[PDB]
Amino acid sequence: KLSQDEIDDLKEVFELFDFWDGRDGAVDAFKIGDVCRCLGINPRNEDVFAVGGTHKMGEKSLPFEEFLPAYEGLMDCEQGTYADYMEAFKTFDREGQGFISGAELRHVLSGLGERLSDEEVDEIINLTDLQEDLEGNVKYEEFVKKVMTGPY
């Protein structure tokens, strides 16, 4: 299954993260998720735990060859679609016009699911350049599209 071009990429990224926790030919299991994120997949935390991901730094370290099978195990994780996302946000939409309040937006992002931190919420809202109007409302469709299309 795994393309040789893909295995190359994983090595590039594995090496970077190896460097960042102290270059030894090993990546902390705590960073499995982020390595995979850098490779362009979007695993849930539960997904990465399932593959041996840990809950804090310094419990376990993986050499590349224990890492490859994790990345392969994560490549088939369910990834959300635009339609799932619209359906999700529409359950919070009080009048079905496509607006949600910024406070509500923060509630779903930081109060539900795999809760994000305030910093991460602040950051995504900043990076996506999402504005509220004078009544503090946002168009979630814009936000969803921007998050999906990514930083570049």
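The first residue of the sequence shown is number 1, and the count goes up from there.
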Taking the deposited Cα B-factors and averaging over 108-116 and over 57-65, the higher mean is found in 57-65
Mean C-alpha B-factor comparison - 3-11 and 142-150, higher one: 3-11
Could you place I125 in the lowest, middle or highest third of its chain by Cα temperature factor, using the values in the record? lowest
Taking the entry's C-alpha B-factors for this chain, is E95 in the lowest, middle or highest third? highest
Within this chain's modelled residues, let me know which third the CA B factor of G22 belongs to: lowest, middle or highest. lowest
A103's Cα B-factor: lowest, middle or highest third of the chain? highest
Ranking the modelled residues of this chain by C-alpha B-factor as given in the entry, is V35 in the lowest, middle or highest third? lowest
